[PDB]
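S.K.: my sequence and its experimental structure, below.
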Amino acid sequence: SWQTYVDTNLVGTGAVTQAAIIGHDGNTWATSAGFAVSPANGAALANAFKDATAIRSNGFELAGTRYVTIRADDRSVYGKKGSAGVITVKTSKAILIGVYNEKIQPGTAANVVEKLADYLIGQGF
């Protein structure tokens, strides 16, 4: 049911346009219609959590878009591209990812992902 967390719990909220749930390895668990992240690109994100030295300076890519590091801790890596961007949140077993555009506010996006992450962590994922 990882597809429902995406269709309903993420994209369904309206706060995010595209979304996915990656494994700590980079391999996609579930994803939305027009979004895909390469294994290399996902394992690259899964690591910026151990040290964002690299993304902090070069930035990071997701599905062909080069994002700029805004925030980047050991649980949350945020990026932006003009007035759109992506929220990525690490759980105990996964990594949530939701992208937003100009019609959506960064905190609105950020809030939905953040909260869902809490819920899954509470569940053991």
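M.R.: Thanks, I have it. Numbers count the residues shown, from 1 in each chain.

S.K.: what does the longest helix along the chain rub up against?
M.R.: With DSSP state H setting the assignment, residue counts place helix 106-123 as the longest helix in the chain. Outside helix 106-123, the residues that touch it by Cβ atoms under 8 Å, 6 or more residues apart in numbering are 5, 9-10, 13, 15-16, 75-76, 78, 80, 85, 87-94, 96-100. Heads up, the C-betas are built off the backbone N, CA and C, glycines and all.

S.K.: out of those residues, which are buried?
M.R.: When the contacts of helix 106-123 are checked for burial by 16 or more other Cβ atoms under 10 Å, the buried set is 5, 9-10, 13, 15-16, 76, 78, 80, 85, 87-91, 94, 96-100.

S.K.: count of residues packed around residue 58?
M.R.: 11 (other Cβ atoms under 10 Å).

S.K.: the residue nearest to residue 83 when sequence neighbours are not counted: neighbouring residues, count only.
M.R.: Excluding the flanking residues, the one nearest residue 83 by Cβ to Cβ, 6 or more residues apart in numbering is residue 102, at 4.2 Å. When neighbours are defined as other Cβ under 10 Å, residue 102 has 8 of them.

S.K.: wait, residue 102 touches residue 85, no?
M.R.: No - if you go by Cβ atoms under 8 Å, residue 102 and residue 85 don't touch, sitting 10.1 Å apart.

S.K.: contact partners for residue 45?
M.R.: Applying Cβ under 8 Å, 6+ apart to residue 45 gives the contacts 22, 26, 37, 60, 62, 77, 88, 95, 97.

S.K.: count the neighbours of the first one for me.
M.R.: This points to residue 22. Counted with other Cβ under 10 Å, residue 22 comes out at 25.

S.K.: I'd like the distance between residue 65 and residue 45.
M.R.: Shown here: residue 65 relative to residue 45, a distance of 13 Å by Cβ to Cβ, to the nearest Å.

S.K.: which element is residue 77 on?
M.R.: strand 76-81 (DSSP states H and E).
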